[PDB]
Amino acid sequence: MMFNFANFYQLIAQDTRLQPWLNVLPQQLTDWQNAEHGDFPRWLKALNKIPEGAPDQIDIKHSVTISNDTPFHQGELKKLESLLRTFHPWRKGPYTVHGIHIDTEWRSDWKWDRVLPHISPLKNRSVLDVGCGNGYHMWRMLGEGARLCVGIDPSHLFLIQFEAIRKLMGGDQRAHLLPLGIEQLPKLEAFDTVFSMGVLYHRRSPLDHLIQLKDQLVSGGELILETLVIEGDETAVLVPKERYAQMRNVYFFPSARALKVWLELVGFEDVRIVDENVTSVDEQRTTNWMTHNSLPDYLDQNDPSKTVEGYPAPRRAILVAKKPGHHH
């Protein structure tokens, strides 16, 4: 037993649309326990010595900020910062935790500000975040009144980062991160909203990815798809021979207009391209909480409009779509 999912099993037991998940999830999490991870024991030892207990003040509306009305013990703060730095690299955020600023590789707040204006309100929505990272966006979703956020990300580190923030939130049961890939879910059709941001290009079968997302939505449910694109029309689709911006094992980089046709082909409606953004080195860079290489190292050193391999430089698109039917 690396990590006990008792609390999640309890939650989906008591939910008429997620209870069917109990037919496959428990054996998958049993298997995940037995594939020992080198670092997980160390990570857990550090997670366990993070302070337990509810903070006085939580902002998950405008940021992800935790504080106490009481200034914290100087020495307990120094320990906490050291524990959180154990979970390097911190890629998604930022977080402000009792005045500790976790300056993540990504300004994940900026992507959130690009998405929020275009989505159906999250008030009392159940949400699936596919490839949620450490779950930054799930906190922002609860900030907007979401009833339940389930994240899936196969990274052991991001489950520990998520549980660190969730413990510092006082053990909030309205968000959960499951160490799965999207390919491991059955057809649940349980969620009002599904996010898939930064996942499509990692999937060998892009149309199967779009069908797997459609299969998690209630009828009239909403998809937010975010992915790396190129410029062009409905037949502009980059598939790199080698790496794209130093990423291994990436596949399809369609144009936003191609992706819209793809979403229509698999049976989404009201498909809208709502945002295209050329990723600046201020949205993604090396920081003191993520000391590895980042976007500046992945660009042509003489031409920021190209990756080091010669392809057009990272461009992220947001599409919003509806699964057919009325939303009940």
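From 1 onward, residues are counted along the sequence shown.
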Original post:
As stated in the PDB record, which stretch has the larger average Cα B-factor, 288-296 or 37-45?
Top reply: 37-45
Original post:
Mean CA B-factor: is it higher for 72-80 or for 228-236?
Top reply: 72-80
Subject >> Residue with maximal Cα B-factor (values as given in the PDB entry) among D56, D282, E264, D31 >> reply: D56
Original post:
Of the choices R204, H101, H156, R257, which one's C-alpha carries the largest B-factor in the record?
Top reply: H101
Original post:
With respect to C-alpha B-factor, does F252 fall in the lowest, middle or highest third of the chain as deposited?
Top reply: lowest
Original post:
Lowest, middle or highest third: where is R85 by C-alpha B factor in its chain?
Top reply: highest
**OP:** Would you mind ranking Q27 by its C-alpha B-factor against the rest of the chain and naming the third, lowest, middle or highest?
**Re:** lowest
**OP:** Using the B-factor values recorded in the entry, state whether the Cα atom of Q184 falls in the lowest, middle or highest third among the modelled residues of its chain.
**Re:** lowest
**OP:** Please place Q216 in the lowest, middle or highest third of its chain by C-alpha B factor as given in the entry.
**Re:** lowest
